[PDB]
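What follows is the residue order along each chain.
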Amino acid sequence: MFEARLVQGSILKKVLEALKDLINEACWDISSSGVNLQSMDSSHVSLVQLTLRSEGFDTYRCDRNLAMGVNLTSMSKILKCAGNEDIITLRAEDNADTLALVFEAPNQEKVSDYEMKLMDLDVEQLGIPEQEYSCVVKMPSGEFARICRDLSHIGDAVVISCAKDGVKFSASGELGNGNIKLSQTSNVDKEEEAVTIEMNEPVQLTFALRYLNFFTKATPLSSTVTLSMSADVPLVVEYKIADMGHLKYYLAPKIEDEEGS
Amino acid sequence: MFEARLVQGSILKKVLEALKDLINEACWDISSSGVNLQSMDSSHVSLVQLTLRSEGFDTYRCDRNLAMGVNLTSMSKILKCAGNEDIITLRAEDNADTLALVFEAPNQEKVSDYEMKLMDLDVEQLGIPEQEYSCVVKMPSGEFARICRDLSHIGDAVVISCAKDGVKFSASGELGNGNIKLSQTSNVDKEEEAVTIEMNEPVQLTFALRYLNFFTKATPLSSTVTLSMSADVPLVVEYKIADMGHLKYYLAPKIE
Amino acid sequence: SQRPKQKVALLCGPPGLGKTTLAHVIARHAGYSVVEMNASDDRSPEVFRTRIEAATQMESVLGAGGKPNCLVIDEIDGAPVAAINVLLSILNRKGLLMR
Amino acid sequence: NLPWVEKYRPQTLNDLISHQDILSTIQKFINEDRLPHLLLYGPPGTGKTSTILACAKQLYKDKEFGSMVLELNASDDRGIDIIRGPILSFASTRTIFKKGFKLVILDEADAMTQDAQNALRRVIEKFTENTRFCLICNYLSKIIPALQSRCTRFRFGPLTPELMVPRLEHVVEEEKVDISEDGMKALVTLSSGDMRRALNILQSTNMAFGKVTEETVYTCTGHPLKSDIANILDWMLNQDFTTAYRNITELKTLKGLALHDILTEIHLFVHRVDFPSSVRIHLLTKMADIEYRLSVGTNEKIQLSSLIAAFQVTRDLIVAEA
Amino acid sequence: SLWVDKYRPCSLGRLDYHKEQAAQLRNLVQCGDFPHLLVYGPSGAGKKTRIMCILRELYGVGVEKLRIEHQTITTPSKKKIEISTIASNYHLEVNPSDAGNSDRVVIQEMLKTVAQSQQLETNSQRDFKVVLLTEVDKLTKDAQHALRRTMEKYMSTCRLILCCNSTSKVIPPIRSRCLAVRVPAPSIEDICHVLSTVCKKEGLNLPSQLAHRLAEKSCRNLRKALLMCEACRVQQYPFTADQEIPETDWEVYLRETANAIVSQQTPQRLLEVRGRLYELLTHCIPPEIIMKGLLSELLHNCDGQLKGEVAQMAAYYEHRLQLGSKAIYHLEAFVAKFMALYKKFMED
Amino acid sequence: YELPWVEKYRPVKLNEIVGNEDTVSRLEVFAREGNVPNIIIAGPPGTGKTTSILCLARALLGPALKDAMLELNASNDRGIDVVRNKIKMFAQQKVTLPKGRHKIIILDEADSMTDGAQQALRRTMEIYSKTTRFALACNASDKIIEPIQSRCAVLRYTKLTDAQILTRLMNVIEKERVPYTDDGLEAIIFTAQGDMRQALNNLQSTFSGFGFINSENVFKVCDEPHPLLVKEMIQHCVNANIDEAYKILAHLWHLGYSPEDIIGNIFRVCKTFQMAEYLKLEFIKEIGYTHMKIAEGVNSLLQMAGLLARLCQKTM
Ligand SMILES: Nc1ncnc2c1ncn2[C@@H]1O[C@H](COP(=O)(O)OP(=O)(O)OP(O)(O)=S)[C@@H](O)[C@H]1O
Ligand SMILES: Nc1ncnc2c1ncn2[C@@H]1O[C@H](COP(=O)(O)OP(=O)(O)OP(O)(O)=S)[C@@H](O)[C@H]1O
Ligand SMILES: Nc1ncnc2c1ncn2[C@@H]1O[C@H](COP(=O)(O)OP(=O)(O)OP(O)(O)=S)[C@@H](O)[C@H]1O
Ligand SMILES: Nc1ncnc2c1ncn2[C@@H]1O[C@H](COP(=O)(O)OP(=O)(O)O)[C@@H](O)[C@H]1O
Ligand SMILES: [Mg+2]
Ligand SMILES: [Mg+2]
Ligand SMILES: [Mg+2]
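Residues numbered from 1 in each chain as written, not as in the entry; some residues may be left out. Chains lettered and ligands numbered in written order. Part of a larger assembly, values for the part shown. Heavy atoms only, no water.

By the method listed in its record, cryo-EM, this PDB entry was determined to a resolution of 3.16 Å.

As structure tokens, this is what we get:
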């Protein structure tokens, strides 16, 4: 019997708008630790892991594990029914074809019941190993979103290089080149605007910009973004979803042919 | 070696927010007096001349006179990367296949180092002479954007008649007629909101509203616009860009 | 209204004879500044409409008149039918086509 | 429960049979890492998807299968859009986990236009060291020769009955069905070397008639027996036009047989008959004319009497030769 | 004004031939549930006369107030196709075969459009309205499949009257649900009857023998017979039995073509007759019509032991002309085979 | 991670291409001179149009190849906006180039482009010809419009004569020291059919597949109908024998061959068969008619039997 109450309501909306176009069907794996999600794109290039912990919910109780197939377009329309300050209570049965979301006003005046029909999907739980990264860079969310939004105009790819000066985002397209540098910032009045870089070895990898533009719609979830980059390791984009969980992305880098000219 | 540095970055954005829609491509000619742009549209009707002097740039260096052909739609995506208070510096070599634009943040957190490819083009110098205009109107620029966008729906052509009672903008079409009158305003708190009309002879002329709507994208360049019109010379729309340059639109008359 | 009864020319034939060369040198012979057009390059009705009332229906910006322009449309054999419809509606108007 | 075709998809390179050379060459390719792009072509239902899926599951674990294999086919819309969509985006990128080449499995690959084949062959050239394609197709002749000049082509061929019996015996052992000795012979003859039709027709006459004999599967499938074609050809070479025509139209109305199957079984019967050579040339010419004649949508009774007509000319010719 | 269409019948009782089919159609449209019609027969038999007569009997007075509308359609390729429509306030009439390969596009879109159109004051006039598909036989396969889809989905509100000739190329499953009305060509005596009527109205004294000549040279085609009568009136008002009938230029051109064939059996005469065949084909007349004319003017010359093989080769080259795409190769192959067989005939 | 032999043994200079000797020599004259005209190269696949255009562009430009050469291909989108923007502002750009060397737009597979793409192509190649030169590659000139072939110089590449295919094959084989039999190499010629990349891939494929290059190994890794069996089929159809050819037909049908490949190899063997010329014409017409029977959707064994019967009756 899946009852799960969430007081801050628009954070689930921002979680969904991060998954809005990047993925169309996904499976929710439900345990006593909480809500888990692991999916891939239709192109099988980008991996999305979403974890919502048990203690972040207001009243969470769950007797048995639930594998639950979801079309994110249907509840993309259904979570647009939710308000920004509304309380969201999720309810499902052990053998449900149904999903119930109740949207409650903060003054307990407006009550909303919404139903979604579920679909069966085959689940391949791809167990992500714990790997140490050569480079870990934490930077503002709006800054990274602006970085991909400017560099997607020049070309379709970015070359991201982490070295001792800092992090460099490069693009090369038919309009010309583009090279934006970021250095480690010693002193900011707030901890959410600083760029802080931890390193073992300088790395350099190329990434598609459609995927990063899809990734950086998760900007209002967290004020800081952790990019973990290394050689032979995917580009990990960790958003810490407050104290209730984390949203993690995995991008395979592109193939760069080596030319002597 | 050409190197021009500009502190108020957004004015170049205001400058090319309206140039990406009129002319798809443009020539910058560089001399020790400064940087000029005299260009024509594809259909031989509207001319633009933009002058940015060397005094209004804090660092200006022009060793030799240069001609660079810039695609004005390949540059606007190098333009939308700008912040509003960014510092813009432009460099090019004496044998420049490229054009470098370097941005810094107001707090200088990021250093952008864009570099676009130049282009080769047929070059013509069309010397505009010095002539007296029968009617000169100094008018607010935000109102000029408003008047052009409001007779945008009425028709496809405009008729301006400047006479002793003031200036009159008329548009006609299937939805009817839109006629407006602006008079010499006497007492305004600010000089930018005033209208100043200098007249020799009443002048009535006709032009196209699509190009006028293209002209009025330069409303954040200046708070005032000069309209200079006479019997046979084309209509002049003048935006005095800060204290450091001017932008100059010539629109040829329609035929009646 | 002093226009010819044949408003628009429709020279046709096989490739590579010199129709464009003949049209260019005749336009340069008859005191016209040449201006070109590819039709299916910009195949929407609106851009064709803008160029069809911009290349014609206008004076010249240079000096004391200068020289006028005559529109030379190439490759309208493969133009979409809305473009020829816009050209016909601008030809059959009785604000008036002059070039 | 499920039909027997989906329950016994060979999951192991051990379970499958009668494809041992394709097995040996592909495992030799995949152990030493010399596997090129593959183009698997043959008849339907001889196990093209099963061997490549078992090979991809042999290479990778289940916990890394989602990022190293992308499967597409013609159930999705196919053309110039999805070659510039998921396929090269999967092909041009690296692996999210570990290292190694990737796999694109494209089932029924002969259904795309030649523009899409040109886009895909350029995609195959551009990314090769990090992507190994697999195109499964029915007909080789629908594929441009440059694409066949990229990927090595493997012919599965027919499923011979002497290595088609024991898998049917295994599904007989696992699921108890009443099947006689003629059941295996009618299964390996009627399914035409396609084992997907074998396990579908086995379930059809198990659910339909319960017991599996020759008569049950021939009545459920609607195929004519050898005795039926012997009677048909005996009436055509024996009786006059009215009697033979009436006999065959009564038999065809009663048994529900179709003239295309009658034509095929009659053709496979003519070369058993020791006809004279000119008479056999006449018969094969007229019967090929009739089989093209049914393909447009003509009336079946008139072509039936045309077959009887050709056989009446032949019986007059053989008696005139005797 | 021509008398071919001026004295056209309006009511079903003033028909000159096929009175029993007229009474059957009158009692069919007298009651309700008027079904889908497939009218067929030879050219010039009077199918369209029966069709506007059926439209007169089905509706009130306003049945001949017709006008041309023009409707644009869009192919899957981005191209606009303008189609024509003959329409009234009670019915629709479309030729859908003018669009060659985009016939499925118009067959879907145009009848979807007129089906989605609502009959204004539908209680006053009748239950449904009718749609004519004038040239329907040369529509392709999936176009006729969309046609029977259109017949199935709007069976309550829109019934169709398909008019054609030679229904062999018309698909089976549209013939099952359509009532088949077959209009035969009028006989020699009925053609003489209507010629005598159209002459007796206009103050004329046509002899019976010349009416028999007009009927026998009209080849059972009433419009061509009335046009020959009109042209004979223009040529000479005193009508004699020995009158030169003004035959059409393409039939006498085919007669000159045939006598140019039978004159010589050499490749140079084959070049000349190929030029004549090109001149015939350039006038956009159908090559089956040319084939039929060549065989009709050819069988008046050849001997009785050679008509059968000539007729078989005529059917053979007409069929392969239908299978092919360019007519002149099959036509001149037929002419070359006839010349080879005739020179074998007189050579031995 | 070794590279395949199609890309490893690609020529790097213009004299290593054995396709069309006069056209290659004139291309080298234009490479040493500089003023290369607008060219289009047509022919069957594998003749080496791409390597000829690439080697011409390399020998022209040199170090400025990465900025003075735009390669547009079939795997990239080629819509109306692409020829409006990418090709146009490549042709409008400036590159510091020498006196004779010119910008090159390599338009590979130009027959697959739409009509409006070529409509936006034509003006560009006529106007900007002082700077950029178009080197088109294609398979069939019918899908390209006549004006583009008019403004270009058309270079017909022939299907390769088997001798130069042998010379390149000994070059590659001696570069690899791969053992061979002679008749297996002639089988590689027969599997090539004027497709030199197909010959290299089939040799590659076959050696990696099975050691010695012998007829059996190449005919095992290809699995086309065997030339000896189909040649004996056509020979049995020559002397009016339906039955002896039908054992070969049943051998090729119980081996699981599709009818399309059977009739294609029947035509390809009948192309070079030693028989009477008019008889060969009638045979080719009947094989073509049965091939339309196949292509329209009638792929039975009885269509092969009727083909055999018609070939038998046409030989008296
Ligand atoms: N008198 C001339 N002598 C030599 N070359 C000429 C002459 N006149 C024109 N040309 C050239 O030949 C070409 C003339 O053909 P075009 O006018 O460009 O093509 P076109 O005749 O319009 O046919 P299409 O359909 O456009 S390919 C141009 O390249 C001219 O430079
Ligand atoms: N060699 C084989 N050994 C055992 N079972 C086989 C063999 N070949 C086919 N099968 C069975 O046939 C079923 C269908 O196989 P598939 O690989 O899906 O057919 P296919 O070759 O892909 O042909 P398609 O998909 O219709 S083009 C499998 O699930 C197996 O149970
Ligand atoms: N004339 C030749 N001499 C030597 N090698 C050749 C020749 N032609 C082709 N090749 C080889 O075949 C490979 C493929 O040649 P390509 O030029 O790509 O074929 P193509 O002419 O482009 O035909 P397409 O593109 O498949 S239609 C090259 O990489 C060479 O290794
Ligand atoms: N009873 C009749 N009275 C007068 N004219 C008739 C009569 N029946 C038929 N006709 C004439 O015969 C011609 C037949 O033409 P039409 O109806 O178009 O037949 P089809 O559609 O087969 O060509 C018409 O022009 C019509 O004038
Ligand atoms: Mg032209
Ligand atoms: Mg399968
Ligand atoms: Mg190529």
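*Asks:* Account for the overall build of chain B, with residues named and values stated.
*Replies:* Looking only at helices and strands, chain B has four helices and 18 strands in total. Over its C-alpha atoms chain B spans a radius of gyration of 19 Å, differing by no more than 12% from the 18 Å that the globule rule assigns to 256 residues. Looking at chain B as a whole, 53% of its 256 residues qualify as buried. Within the structure as shown, chain B displays about 12,000 Å² of accessible surface, and the carbon and sulfur contribution to it stands at 45%. Distance between charge centres in chain B, computed from 24 positive and 38 negative side chains, equals 5 Å. (Helix = DSSP H or I, 4+ residues; strand = E, 2+ residues; numbered from the N terminus. Rg over C-alpha atoms; globule rule 2.2 N^0.38 Å. Buried < 20%, exposed > 50% of the residue type's maximum accessible area, 1.4 Å probe, protein only. Areas by Shrake-Rupley, 256 points an atom, 1.4 Å probe, with all protein chains shown as cover. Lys, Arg positive; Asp, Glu negative; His and termini not counted. Charge placed at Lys NZ, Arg CZ, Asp CG, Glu CD.)

*Asks:* Account for the site of ligand 3, naming residues and giving values.
*Replies:* Lining the immediate environment of ligand 3, one finds 21 residues, of which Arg121 of chain D together with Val6, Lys49, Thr50 and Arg197 of chain F sit closest. The backbone of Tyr9 of chain F places a nitrogen or oxygen atom 3.1 Å from an oxygen atom of ligand 3. Interatomic distance of 2.7 Å between a backbone N/O atom of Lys49 of chain F and an oxygen atom of ligand 3. Compared with its free state, where it exposes 640 Å², ligand 3 has 96% of that area covered by protein. (Near = heavy atom within 4 Å. Polar contact = N/O pair within 3.5 Å; in protein donor to acceptor, adjacent residues only side chain to side chain.)

*Asks:* Give me the lowdown on the coordination of the magnesium ion (ligand 7), citing residues and values where you can.
*Replies:* All names here are of chain F. For the magnesium ion (ligand 7), the full set of protein donor atoms is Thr50 (OG1) and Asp108 (OD), at a range of 2.6 Å. Residue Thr50 is located in helix 3 (residues 49–61), and its partner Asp108 is located in the loop between strand 3 (103–107) and helix 6 (115–127); the two are separated by 58 residues in the primary sequence. Relative accessible area serves as the criterion here: at 5%, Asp108 is assigned to the buried category. (Donors = N, O, S within 2.8 Å, 3.2 Å for Na, K, Ca; no water.)

*Asks:* Summarise helix 11 (residues 249–263) of chain E; cite the residues concerned and give the values.
*Replies:* Over its 15 residues, helix 11 of chain E runs 21 Å from end to end, which matches the ideal 21 Å to within 8%, given 1.5 Å per residue. Against the buried residues of helix 11 of chain E lie helix 10 (222–235), helix 12 (267–281), helix 13 (287–298) and helix 15 (327–347) of chain E. (Expected span 1.5 Å × (residues − 1). Contact = heavy atoms within 4.5 Å.)

*Asks:* Please give an account of the site of ligand 1 that cites residues and values.
*Replies:* Ligand 1 sits among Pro15, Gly16, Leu17, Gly18, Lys19, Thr20 and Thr21 of chain C together with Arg122, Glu126, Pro147, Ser150 and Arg151 of chain F. Chains contributing residues near ligand 1 are chains C and F. At 2.6 Å from an oxygen atom of ligand 1 is found a main-chain nitrogen or oxygen belonging to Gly18 of chain C. Between ligand 1 and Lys19 of chain C, the relevant distance is 3.4 Å, taken from an oxygen atom to a main-chain nitrogen or oxygen of the residue. A total of 650 Å² of accessible area belongs to ligand 1 in isolation, and the protein chains cover 51% of it. At the level of elements, helix 1 (19–29) of chain C together with helix 6 and helix 7 (146–151) of chain F are the ones that each hand at least two residues to the shell around ligand 1. Tallied by class, residues from the shell around ligand 1 come to three nonpolar, five polar and four charged. (Nonpolar A, V, L, I, M, F, W, Y, C, P; charged D, E, K, R; others polar.)

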